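Structure record follows, encoded as structure tokens.
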Amino acid sequence: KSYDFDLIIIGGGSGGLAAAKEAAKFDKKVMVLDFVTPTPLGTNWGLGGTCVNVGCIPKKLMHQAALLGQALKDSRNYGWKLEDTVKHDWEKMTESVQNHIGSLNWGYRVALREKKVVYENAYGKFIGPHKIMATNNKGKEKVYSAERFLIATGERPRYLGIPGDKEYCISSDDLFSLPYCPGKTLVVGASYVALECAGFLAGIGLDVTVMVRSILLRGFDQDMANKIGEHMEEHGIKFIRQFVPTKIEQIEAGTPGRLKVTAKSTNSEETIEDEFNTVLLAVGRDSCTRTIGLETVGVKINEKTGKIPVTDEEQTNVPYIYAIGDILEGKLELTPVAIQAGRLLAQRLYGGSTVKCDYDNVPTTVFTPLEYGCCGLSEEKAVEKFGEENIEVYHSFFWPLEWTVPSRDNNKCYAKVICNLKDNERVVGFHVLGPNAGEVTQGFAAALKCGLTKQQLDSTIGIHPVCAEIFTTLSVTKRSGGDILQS
Amino acid sequence: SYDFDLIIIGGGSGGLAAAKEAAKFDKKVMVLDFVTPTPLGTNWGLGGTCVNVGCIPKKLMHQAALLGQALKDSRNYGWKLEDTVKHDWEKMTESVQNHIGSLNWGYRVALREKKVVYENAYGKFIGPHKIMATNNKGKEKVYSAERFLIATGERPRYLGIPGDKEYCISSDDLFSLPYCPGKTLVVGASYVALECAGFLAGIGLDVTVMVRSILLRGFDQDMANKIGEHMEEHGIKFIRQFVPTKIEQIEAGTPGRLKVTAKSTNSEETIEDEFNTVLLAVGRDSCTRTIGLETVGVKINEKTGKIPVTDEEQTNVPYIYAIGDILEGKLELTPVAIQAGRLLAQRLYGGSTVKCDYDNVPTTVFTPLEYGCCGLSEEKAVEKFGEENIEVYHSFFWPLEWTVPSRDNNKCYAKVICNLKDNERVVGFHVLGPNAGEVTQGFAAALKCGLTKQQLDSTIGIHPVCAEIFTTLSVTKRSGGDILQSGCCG
Ligand SMILES: Cc1cc2nc3c(=O)[nH]c(=O)nc-3n(C[C@H](O)[C@H](O)[C@H](O)COP(=O)(O)OP(=O)(O)OC[C@H]3O[C@@H](n4cnc5c(N)ncnc54)[C@H](O)[C@@H]3O)c2cc1C
Ligand SMILES: Cc1cc2nc3c(=O)[nH]c(=O)nc-3n(C[C@H](O)[C@H](O)[C@H](O)COP(=O)(O)OP(=O)(O)OC[C@H]3O[C@@H](n4cnc5c(N)ncnc54)[C@H](O)[C@@H]3O)c2cc1C
């Protein structure tokens with residue numbers, strides 16, 4: 001049983017690098033292949049995976065650029081004397097973003113080098129049992145053998161079958177390196193990427209429009225979703241409901257060129273949406289499992305949504321082949337989750353541990369202009385599982401102290417917690433719609449890991465004055481409640 | 001056949017809380033509230049310390065400072081600002097005050113709608129079940145009540161030294177200052193001192209902090225020193241181990257000129273170059289001395305005027321209860337006061353047996369670099385559980401928001417203290433970084449659930465968010481590695 005490597009990691013992303021780093025602690029020959037196939041417009045990036053180069057990192061960063069804008073406005077009533085209007089510079093921003101990314105790109109490379117992990121910038125493709133072919137960037141092929149493999153190739157944006165889409169639209173992959181300011185833009189899609197992007201685009205000052213197929217943030221508590229929606233609409237994001245692009249043609253070429261988008265809905269009507277400068281097409285992602293030669297090793301995969309089914313230990317049907325991250329069928333598409341998986345995977349293989357990755361109740365927060373953090377079940381999802389009769393939903397609005405001097409957005413920040421009456425009112429849902437939502441939510445997610453109950457929650461005391469405290473005093477229930485408007 | 005079934009002496013955090021609840025059970029309630037002026041004569045409205053001269057103001061100015069840092073940050077994110085943006089104290093405090101008034105009135109209005117009698121008068125017991133309310137012009141009125149709740153809270157303390165009351169100010173005064181404080185010296189080193197020192201500086205002033213001994217006495221000392229080093233790195237000067245002995249006025253004026261002189265533990269003296277404003281907050285004393293306590297028989301620690309109390313907030317005199325800062329051995333925290341207050345009323349007229357849990361109440365200090373914490377201090381844990389039994393996991397972290405501006409890497413800090421003898425139960429929680437409070441709160445809940453280290457680890461983090469490092473604390477102090485690691489690891 002002698003191969004070139006104990007473990008080959010296909011994909012240098014969130015999960016891939018994690019597995020690598022850990023695997024490395026136990027003196028094992030490991031190599032990670034990572035390669036970034038270009039977007040149709042030809043955009044590329046470095047080691048690090050989606051989060052690092054065209055996902056969370058960029059997104060939060062720009063999100064922050066937008067927040068900072070609102071901060072400039074806020075500063076006036078706090079005594080800072082600013083100029084009625086500060087202009088934004090796309091160029092400069094992206095530069096700083098990328099600058100950082102590069103630092104991360106290198107960092108990782110260095111990290112792998114120090115941990116004695118072979119890194120090869122090449123496309124991995126299985127060719128047969130225990131054997132994989134790495135295609136160089138110049139086309140040079142090289143074959144490698146390994147006792148075990150970890151498929152960590154993540155996924156890429158998906159386009160609409162419609163004409164012109166690939167040729168003149170962009171996706172998140174391209175957004176974060178756009179060499180020019182996007183200009184008036186249309187964003188097609190309504191889940192977190194679409195909303196978040198649409199959000200910060202607007203926050204930085206652009207004319208933004210979101211075209212939704214159906215409902216927003218499908219998957220998440222629909223009420224919270226709609227609150228996010230209304231807020232975006234109230235802060236200059238235009239929405240076109242129930243429509244889907246049918247064709248996108250180029251009226252004029254140019255950096256911010258001019259595109260003509262047309263769409264049809266469930267209504268048979270059609271609209272030639274006034275042209276836009278850029279069309280943000282993030283509307284889904286497809287797992288990169290199609291062209292990595294899985295047939296040659298016998299790995300089974302959901303042929304419809306290329307996701308890979310897997311044991312609770314991340315093992316595929318093929319004993320020596322494991323997978324991690326987004327690719328996983330049924331799991332969540334989240335960096336932390338991928339890094340944990342990866343991490344603990346190595347721990348089990350080479351570290352003799354029995355801990356598996358718990359994918360229940362993992363926090364998450366979507367960075368819309370008005371952030372949204374949540375952990376656990378969504379209200380409707382709770383009534384389904386536990387029965388309307390047995391759910392009690394405590395909620396309230398709140399007003400961040402920070403917003404008063406500015407005098408804005410009262411009664412918008414919202415918080416609710418859903419409890420299971422048949423279980424000590426165990427809090428099985430947590431939702432907050434306010435500033436720093438993530439920082440607020442993290443803590444409570446831990447609490448959910450300890451079976452936090454409503455009485456315990458109440459028994460905790462709040463930190464004042466700080467947004468997260470309304471959770472320490474949720475007294476009004478939806479079931480009866482009446483007003484939770486501002487006392 | 002008493003006048004009211006409950007009278008509440010104090011329109012503060014706790015007081016108003018009790019009123020509001022009590023009021024739900026249809027009982028005749030009256031809350032007296034009166035604000036004795038500061039020596040410089042400043043006053044304020046209904047609402048208590050937190051509202052008029054504590055948390056509210058404090059945070060708001062703290063926010064004024066953070067926005068300053070925010071303007072600076074915006075440049076590398078693409079906003080084109082001017083190298084220097086000036087700050088206007090006047091405008092800021094107007095805004096702050098404005099808000100406060102909004103609170104002042106809100107409370108009055110609430111009391112009126114809840115049907116609670118509100119009388120702006122100073123309360124003083126005269127005899128069993130009887131209290132004398134001295135109005136503002138000196139008119140007296142007496143009231144009778146079946147029960148009383150003493151919620152007077154405390155007030156700033158001055159140093160015995162000369163000139164202190166005549167030329168210095170305290171937090172009481174700070175948040176209404178009619179003029180920019182100018183170069184100021186802040187005497188004292190606990191939360192109030194450092195917080196105010198902090199935002200003063202962040203707003204652009206020359207600030208110095210004079211410490212008698214250690215900083216943040218009472219808090220996990222290492223965290224405290226970090227806070228300090230941070231303040232020092234961001235232009236707050238500190239004088240260690242000194243105490244003012246006299247403050248003389250070199251020149252009157254709105255920002256006038258004072259000459260401060262101090263002595264240490266070392267017999268040496270320094271005539272600290274004058275300053276424009278000397279912020280003297282340095283402790284607080286319970287207002288329990290001049291309220292007619294002897295006439296009803298309430299016992300109180302004569303040394304620290306705090307009121308000893310049962311686990312139900314009852315004093316030694318069965319119909320008299322106390323709440324808030326005044327409580328002996330409790331925490332001087334608004335939310336705590338309001339919980340107590342609320343729960344109290346719940347017990348009295350709501351037939352409940354829930355009592356307020358003063359264990360592991362989270363807190364955060366709003367210094368320029370915020371510090372949140374809950375549970376025991378590292379040192380406090382070893383004392384309790386024994387060095388041998390404590391494992392402390394910690395790490396540095398770099399808020400994504402800080403990279404683009406490129407500043408303060410390896411400065412935010414996070415540690416968790418566990419009890420090896422109890423499945424590494426997390427008994428301590430400390431975070432030094434932005435948004436500390438919002439980070440801490442959640443965990444404080446966890447603590448109430450007996451959060452264990454393995455549970456913690458089992459929790460998945462939200463990325464990219466400061467809070468997440470807690471979801472991956474792997475390096476222990478005892479095995480000391482470097483927790484210095486920019487960039488990347490996994
Ligand atoms: C816009 C956006 C915002 C996001 N925001 C958040 C967030 O805010 N918080 C959060 O938790 N998550 C966020 N995510 C999702 C999260 O970043 C991903 O879930 C995570 O990176 C998945 O990690 P992974 O390792 O499985 O996949 P990846 O991290 O993408 O790893 C895949 C890597 O392998 C490479 N690869 C693919 N095929 C091959 C092959 N054939 N040969 C060699 N290499 C290959 C890819 O180029 C890539 O480097 C965001 C995602 C996006 C798109
Ligand atoms: C500068 C500063 C900053 C602070 N920051 C925070 C913070 O960020 N977070 C936090 O949680 N806590 C903070 N606190 C602590 C908090 O303010 C106190 O815990 C809280 O006010 C306690 O309120 P209380 O109800 O016990 O008494 P208070 O709220 O202080 O109210 C006492 C009230 O009773 C009135 N009164 C007293 N005697 C009489 C009498 N004889 N007759 C009529 N009325 C009377 C007083 O005038 C006052 O209205 C801060 C405190 C200070 C000083």
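As shown in the structure tokens, the chain order sets the letters A, B, ...; within each chain, residues go from 1, and ligands are also counted from 1 in the order they appear.
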
Next item on the list: Show me which residues sit within 7 Å of ligand 2 when counting only C-alpha atoms and all ligand atoms, and put them as a PyMOL selection string.
Entry: (chain A and resi 463-465) or (chain B and resi 9-15+32-36+46-50+53-55+58-59+121-124+151-154+171+192+287+291+323-326+332-335+337+363+365)

Can you spit out the residues from that selection as a tab-separated table (two decimals), in the first residue's frame, using N, CA and C atoms?
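Listed below is the output, out-v2.tsv:
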chain	number	residue	atom	x	y	z
A	463	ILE	N	-26.45	43.55	29.02
A	463	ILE	CA	-25.39	44.53	29.06
A	463	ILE	C	-26.01	45.78	28.48
A	464	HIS	N	-25.85	46.89	29.17
A	464	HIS	CA	-26.53	48.09	28.73
A	464	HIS	C	-25.54	49.24	28.63
A	465	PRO	N	-25.65	50.06	27.57
A	465	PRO	CA	-26.68	49.92	26.55
A	465	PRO	C	-26.05	49.31	25.35
B	9	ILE	N	-38.73	55.57	46.51
B	9	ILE	CA	-37.83	56.67	46.75
B	9	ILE	C	-36.69	56.65	45.75
B	10	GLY	N	-36.87	57.31	44.62
B	10	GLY	CA	-35.83	57.37	43.63
B	10	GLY	C	-36.34	57.15	42.23
B	11	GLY	N	-36.15	58.12	41.36
B	11	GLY	CA	-36.63	57.96	40.01
B	11	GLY	C	-35.60	57.40	39.07
B	12	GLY	N	-34.81	56.44	39.57
B	12	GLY	CA	-33.71	55.89	38.79
B	12	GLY	C	-33.97	54.63	37.99
B	13	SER	N	-32.90	53.94	37.63
B	13	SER	CA	-33.03	52.72	36.83
B	13	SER	C	-33.92	51.73	37.54
B	14	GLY	N	-33.65	51.49	38.83
B	14	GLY	CA	-34.40	50.52	39.59
B	14	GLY	C	-35.75	51.08	39.95
B	15	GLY	N	-35.76	52.31	40.42
B	15	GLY	CA	-37.00	52.89	40.85
B	15	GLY	C	-38.04	52.80	39.76
B	32	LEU	N	-41.07	59.20	44.09
B	32	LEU	CA	-40.48	60.50	44.34
B	32	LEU	C	-39.14	60.49	43.65
B	33	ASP	N	-38.77	61.61	43.05
B	33	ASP	CA	-37.46	61.71	42.47
B	33	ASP	C	-37.02	63.14	42.53
B	34	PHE	N	-35.81	63.35	42.99
B	34	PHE	CA	-35.30	64.69	43.11
B	34	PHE	C	-33.82	64.68	42.88
B	35	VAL	N	-33.34	65.66	42.15
B	35	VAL	CA	-31.92	65.62	41.88
B	35	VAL	C	-31.16	66.73	42.51
B	36	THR	N	-30.50	66.42	43.62
B	36	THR	CA	-29.72	67.44	44.27
B	36	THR	C	-28.64	67.86	43.31
B	46	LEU	N	-36.03	63.51	35.25
B	46	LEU	CA	-36.48	62.20	35.61
B	46	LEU	C	-35.63	61.21	34.88
B	47	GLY	N	-35.34	60.07	35.49
B	47	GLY	CA	-34.57	59.05	34.79
B	47	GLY	C	-33.37	58.48	35.52
B	48	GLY	N	-32.79	59.20	36.45
B	48	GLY	CA	-31.72	58.58	37.21
B	48	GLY	C	-30.35	58.72	36.56
B	49	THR	N	-29.34	58.12	37.17
B	49	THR	CA	-27.98	58.30	36.73
B	49	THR	C	-27.68	57.85	35.32
B	50	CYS	N	-28.05	56.62	35.04
B	50	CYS	CA	-27.80	56.05	33.74
B	50	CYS	C	-28.36	56.94	32.66
B	53	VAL	N	-26.70	61.08	33.32
B	53	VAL	CA	-25.30	61.31	33.54
B	53	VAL	C	-24.53	60.00	33.69
B	54	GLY	N	-25.03	58.95	33.09
B	54	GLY	CA	-24.30	57.68	33.10
B	54	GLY	C	-24.22	57.00	31.75
B	55	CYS	N	-24.70	55.76	31.67
B	55	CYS	CA	-24.59	55.01	30.44
B	55	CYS	C	-25.03	55.80	29.20
B	58	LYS	N	-22.57	58.63	28.27
B	58	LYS	CA	-21.30	58.02	28.10
B	58	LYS	C	-21.23	57.33	26.74
B	59	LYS	N	-22.06	56.33	26.51
B	59	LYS	CA	-22.00	55.62	25.25
B	59	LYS	C	-22.08	56.60	24.10
B	121	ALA	N	-39.76	65.55	44.17
B	121	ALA	CA	-39.48	65.95	45.55
B	121	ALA	C	-38.52	65.01	46.24
B	122	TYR	N	-37.80	65.53	47.21
B	122	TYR	CA	-36.81	64.73	47.88
B	122	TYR	C	-37.45	63.94	48.99
B	123	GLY	N	-37.18	62.66	49.06
B	123	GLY	CA	-37.84	61.85	50.07
B	123	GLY	C	-37.04	61.70	51.34
B	124	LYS	N	-37.73	61.75	52.47
B	124	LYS	CA	-37.09	61.54	53.75
B	124	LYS	C	-38.06	60.89	54.72
B	151	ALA	N	-34.64	53.51	46.41
B	151	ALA	CA	-33.89	53.36	45.18
B	151	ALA	C	-33.22	54.68	44.87
B	152	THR	N	-32.40	55.14	45.78
B	152	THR	CA	-31.80	56.44	45.59
B	152	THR	C	-30.49	56.40	44.84
B	153	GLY	N	-29.93	55.22	44.65
B	153	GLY	CA	-28.64	55.19	43.98
B	153	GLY	C	-27.59	56.04	44.67
B	154	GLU	N	-26.45	56.27	44.01
B	154	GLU	CA	-25.33	57.01	44.60
B	154	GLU	C	-24.94	58.23	43.80
B	171	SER	N	-18.45	63.10	36.64
B	171	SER	CA	-19.26	62.68	35.51
B	171	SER	C	-20.55	63.46	35.56
B	192	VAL	N	-15.53	54.40	34.89
B	192	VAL	CA	-15.82	55.80	34.58
B	192	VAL	C	-14.59	56.59	34.10
B	287	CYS	N	-26.52	57.22	48.35
B	287	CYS	CA	-27.31	58.25	49.03
B	287	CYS	C	-28.25	57.64	50.06
B	291	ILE	N	-31.66	60.41	54.25
B	291	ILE	CA	-33.06	60.14	53.92
B	291	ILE	C	-33.89	59.69	55.08
B	323	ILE	N	-32.99	48.65	46.30
B	323	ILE	CA	-32.77	48.18	44.95
B	323	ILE	C	-31.65	48.91	44.28
B	324	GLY	N	-30.87	48.24	43.47
B	324	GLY	CA	-29.87	49.00	42.73
B	324	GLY	C	-28.51	49.14	43.36
B	325	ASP	N	-27.82	50.22	43.00
B	325	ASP	CA	-26.46	50.41	43.44
B	325	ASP	C	-26.33	50.38	44.94
B	326	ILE	N	-27.34	50.93	45.60
B	326	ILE	CA	-27.36	51.01	47.04
B	326	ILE	C	-27.15	49.68	47.71
B	332	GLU	N	-23.27	47.38	40.74
B	332	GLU	CA	-23.86	48.67	40.45
B	332	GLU	C	-24.08	48.74	38.97
B	333	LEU	N	-25.13	48.09	38.48
B	333	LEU	CA	-25.43	48.05	37.03
B	333	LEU	C	-26.91	48.23	36.68
B	334	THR	N	-27.18	49.12	35.74
B	334	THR	CA	-28.54	49.46	35.40
B	334	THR	C	-29.41	48.24	35.17
B	335	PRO	N	-29.10	47.42	34.17
B	335	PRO	CA	-29.90	46.25	33.88
B	335	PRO	C	-30.16	45.45	35.13
B	337	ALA	N	-30.22	46.58	38.32
B	337	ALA	CA	-31.22	47.35	39.04
B	337	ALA	C	-32.62	47.16	38.43
B	363	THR	N	-20.80	42.37	31.68
B	363	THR	CA	-20.60	43.79	31.79
B	363	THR	C	-19.65	44.15	30.70
B	365	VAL	N	-16.87	47.47	29.52
B	365	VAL	CA	-16.30	48.80	29.74
B	365	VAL	C	-16.05	49.47	28.41

Next item on the list: For residue 89 in chain A, work out the shell of residues within 6 Å, counting only C-alpha atoms and skipping chain neighbours fewer than 2 positions away, then give it as a PyMOL selection string.
Entry: (chain A and resi 91-92) or (chain B and resi 78)

Serialized selection, C-alpha atoms, as an mmCIF file, in the first residue's frame:
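Once everything was written out, this is out_20.cif:
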data_model
loop_
_atom_site.group_PDB
_atom_site.id
_atom_site.type_symbol
_atom_site.label_atom_id
_atom_site.label_comp_id
_atom_site.auth_asym_id
_atom_site.auth_seq_id
_atom_site.Cartn_x
_atom_site.Cartn_y
_atom_site.Cartn_z
ATOM 1 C CA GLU A 91 -11.363 52.173 -7.965
ATOM 2 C CA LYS A 92 -9.722 53.036 -4.708
ATOM 3 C CA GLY B 78 -12.963 54.786 -1.048
#

Counting only C-alpha atoms, which residues in chain B sit no more than 6 Å from chain A? For each one, give the nearest pair of atoms and the distance in Å, sorted by chain then residue number, as a tab-separated table.
residue	atom	partner	partner_atom	distance
B:64	CA	A:78	CA	5.3
B:67	CA	A:75	CA	5.9
B:74	CA	A:68	CA	5.9
B:77	CA	A:93	CA	4.7
B:78	CA	A:93	CA	4.6
B:79	CA	A:88	CA	4.6
B:86	CA	A:80	CA	5.9
B:87	CA	A:80	CA	4.5
B:88	CA	A:79	CA	4.7
B:91	CA	A:79	CA	5.2
B:92	CA	A:79	CA	4.5
B:95	CA	A:405	CA	5.9
B:335	CA	A:462	CA	5.7
B:361	CA	A:461	CA	5.7
B:363	CA	A:463	CA	5.6
B:404	CA	A:96	CA	5.9
B:438	CA	A:440	CA	4.9
B:439	CA	A:439	CA	5.0
B:442	CA	A:443	CA	3.7
B:443	CA	A:443	CA	4.4
B:445	CA	A:460	CA	5.7
B:446	CA	A:447	CA	4.1
B:449	CA	A:450	CA	5.9
B:459	CA	A:446	CA	5.6
B:460	CA	A:362	CA	5.5
B:461	CA	A:336	CA	5.8
B:462	CA	A:364	CA	5.5
B:467	CA	A:439	CA	5.3
B:487	CA	A:107	CA	5.6
B:488	CA	A:107	CA	5.6
B:490	CA	A:18	CA	4.6

Margin query: Residues of range 352-406 of chain B classed as strand (DSSP E or B) by DSSP on the backbone are to be reported as JSON, numbers by chain.
Written below: {"B": [363, 364, 365, 371, 372, 373, 374, 375, 390, 391, 392, 393, 394, 395, 396, 397]}

Check: Hey, what's within 8 Å of residue 159 in chain A if we count only C-alpha atoms and toss same-chain stuff fewer than 3 positions away? As a list in words, please?
Finding: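 My reading of the contact set: residues 165, 166, 281, 282, 283 and 284 of chain A.
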
Next item on the list: Write down as a ChimeraX atom specification the residues belonging to range 363-407 of chain B that are assigned helix (DSSP H, G or I) by DSSP computed on the backbone.
Entry: /B:378-385,387-389,400-402

Limited to C-alpha atoms, could you put the picked residues into a file as a compact mmCIF listing (two decimals), in the first residue's frame?
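Everything below was put into out_5.txt:
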# COMPACT_ATOMS: atom_id res chain seq x y z
CA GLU B 378 -8.47 34.53 35.54
CA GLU B 379 -6.86 35.34 38.83
CA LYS B 380 -10.21 35.13 40.60
CA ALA B 381 -10.66 31.65 39.12
CA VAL B 382 -7.37 30.24 40.27
CA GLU B 383 -8.15 31.51 43.71
CA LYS B 384 -11.48 29.77 43.67
CA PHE B 385 -10.60 26.55 41.90
CA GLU B 387 -4.20 27.14 39.67
CA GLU B 388 -3.76 23.49 38.97
CA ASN B 389 -7.40 23.16 37.92
CA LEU B 400 -11.68 42.25 9.20
CA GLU B 401 -12.88 45.80 9.31
CA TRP B 402 -9.43 46.85 10.38

Note to self: Please determine, counting only C-alpha atoms and all ligand atoms, which residue among A:206, A:470, A:244, A:33 has the shortest atom-to-atom distance to ligand 1.
What the structure shows: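 Going through A:206, A:470, A:244, A:33 one by one, the smallest distance to ligand 1 is for A:33.
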
Margin query: Can you pull out the residues contacting residue 175 in chain A? Cut-off 10 Å, using only C-alpha atoms, and skip same-chain residues under 2 positions away; I want them as a list in words.
Written below: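 That gives residues 43, 54, 58, 59, 94, 170, 171, 172, 173, 177, 178, 179, 180, 181, 182, 197, 278, 280, 281 and 282 of chain A.
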
Checklist line | Nearest candidate to residue 119 in chain A (options A:328, A:297, A:310, A:134; using only C-alpha atoms) | finding: A:134

Checklist line | Spatial neighbours of range 155-157 of chain A, max dist 6 Å, only C-alpha atoms, sep filter under 3 positions, as a ChimeraX atom specification | finding: /A:284-288

N, CA, C and O atoms of the current selection, written as a tab-separated table (two decimals), in the first residue's frame:
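Everything below was put into again-v6.tsv:
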chain	number	residue	atom	x	y	z
A	284	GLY	N	-27.43	31.61	-7.71
A	284	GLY	CA	-27.22	30.18	-7.46
A	284	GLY	C	-25.79	29.71	-7.67
A	284	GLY	O	-24.94	30.44	-8.22
A	285	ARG	N	-25.46	28.50	-7.23
A	285	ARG	CA	-24.10	28.04	-7.44
A	285	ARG	C	-24.16	26.56	-7.66
A	285	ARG	O	-24.98	25.91	-7.06
A	286	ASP	N	-23.30	26.05	-8.54
A	286	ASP	CA	-23.28	24.63	-8.87
A	286	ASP	C	-21.98	24.00	-8.42
A	286	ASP	O	-20.90	24.53	-8.70
A	287	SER	N	-22.08	22.86	-7.77
A	287	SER	CA	-20.91	22.19	-7.23
A	287	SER	C	-19.96	21.71	-8.31
A	287	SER	O	-20.39	21.15	-9.30
A	288	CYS	N	-18.67	21.94	-8.12
A	288	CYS	CA	-17.67	21.49	-9.08
A	288	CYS	C	-17.38	20.03	-8.86
A	288	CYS	O	-16.36	19.67	-8.28

Notebook entry, point to check: Nearest to residue 321 in chain B: which of B:300, B:475, B:271, B:149 is it, counting only C-alpha atoms?
Noted result: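 Answer, going by the shortest atom-to-atom distance: B:149.
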
Notebook entry, point to check: Any idea what's packed within 9 Å of range 258-267 of chain A, counting only C-alpha atoms, ignoring anything in its chain fewer than 5 positions away? Could you give it as JSON, numbers by chain?
Noted result: {"A": [168, 169, 186, 213, 241, 242, 243, 244, 245, 246, 247, 248, 249, 250, 251, 252, 253, 272, 273, 274, 275, 276, 277, 278, 279]}

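The closest residue to ligand 1, picked from A:36, A:418, A:201, A:160 and counting only C-alpha atoms and all ligand atoms, is A:36.
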
Check: Do you know which residues are at most 9 Å from residue 132 in chain A counting only C-alpha atoms, after dropping those on the same chain fewer than 4 positions away, and could you put them as a list in words?
Finding: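 Within the cut-off, the hits are residues 8, 124, 125, 126, 127, 128, 142, 143, 144, 145, 146 and 293 of chain A.
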